[PDB]
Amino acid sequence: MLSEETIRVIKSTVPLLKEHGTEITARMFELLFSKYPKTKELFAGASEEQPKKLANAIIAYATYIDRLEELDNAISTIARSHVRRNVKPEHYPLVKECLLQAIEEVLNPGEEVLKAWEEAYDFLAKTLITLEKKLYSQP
């Protein structure tokens, strides 16, 4: 799991994400769809307000990163939505690149924050991928 210092740094970004989260995720999508245009098809026809939905999930993750059992239901819900749109492990570094770049552009929070969010993203990605692997096996 993440170190206490990484957790402390993640918690310190919660106010920034509450103020700027949707700006960050909208920029993430702009970078993702431009650099990796095949990802557009994963989201076509899905629900509205994707930047808001991701920003809320990131804020909740940062808030409960030290209490992840509180996110059991939310993480299960994400995994099921991912499986319905054929999200695969190979996609996760694409969103990571674009999300960390958006965080740097919009918040310019320094290398300590960006390293912490890289670790936090990777932890949640591995969690989701593992759950999704199981769901991909389920009738």
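Numbers for residues come from their place in the sequence shown, where the first is 1.
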Should the higher mean CA B-factor in the entry be assigned to 91 to 99 or to 40 to 48?
40 to 48
Comparing 67 to 75 with 26 to 34, which has the greater mean CA B-factor as deposited?
67 to 75
For residue 56, the third of its chain into which the C-alpha B factor falls
middle
How does the C-alpha B factor of residue 116 compare with the rest of the chain: lowest, middle or highest third?
lowest
Going by the entry, which third of its chain does the Cα temperature factor of residue 131 land in?
highest
